[PDB]
Amino acid sequence: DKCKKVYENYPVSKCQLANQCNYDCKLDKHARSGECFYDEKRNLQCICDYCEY
């Protein structure tokens, strides 16, 4: 939680690529590893991680 931050304002099919997630997040949310997960909406939620993951 403290090291995790969900950005529902940035779920993109492009995120389907664990590569785009961290790269794009770094550019947008400055996330360290930008990790995306699948929610109930079957959408890719961009969860910025800080060190812990």
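Rules behind the numbers
Residues numbered from 1 in each chain as written, not as in the entry; some residues may be left out. Heavy atoms only, no water. Residues with missing side-chain atoms left out of burial classes, pairs and counts. Pairing = 2+ DSSP bridges. Helix = DSSP H or I, 4+ residues; strand = E, 2+ residues; numbered from the N terminus. Axes fitted to C-alpha atoms, helices over the stretch in contact; angles between N-to-C directions. Buried < 20%, exposed > 50% of the residue type's maximum accessible area, 1.4 Å probe, protein only. Arc of directions from axis to C-beta. Contact = heavy atoms within 4.5 Å.

Method of determination, as given in the entry header: solution NMR.

Peer 1: Account for the sheet that holds strand β2 (residues 35–38), naming residues and giving values.
Peer 2: An order of β1-β3-β2 is seen for the three strands of this open sheet, with the pairing classed as antiparallel. Each edge of the sheet is formed by a strand with only one pairing partner; in this case those strands are β1 (4–7) and β2. For this sheet the average axis-to-axis angle between neighbouring strands, irrespective of direction, equals 35 degrees. Pairing between β1 and strand β3 (residues 44–49): four bridges, direction antiparallel. Within β3, the residue paired with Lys5 across the bridge is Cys48.

Peer 1: Could you give an account of helix α1 (residues 18–28), naming the residues involved and the relevant values?
Peer 2: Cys21, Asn22 and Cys25 are the residues of α1 that are buried. Buried residues of α1 fall within an arc of 85 degrees about the axis and therefore sit on the same side. Of the exposed residues in α1, the ones pointing more than 90 degrees away from its buried face are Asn19, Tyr23 and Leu27. If you follow the buried residues of α1, they end up packed against β2 and β3. In the segment just after α1, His30 is the residue with positive phi, at about 55 degrees.

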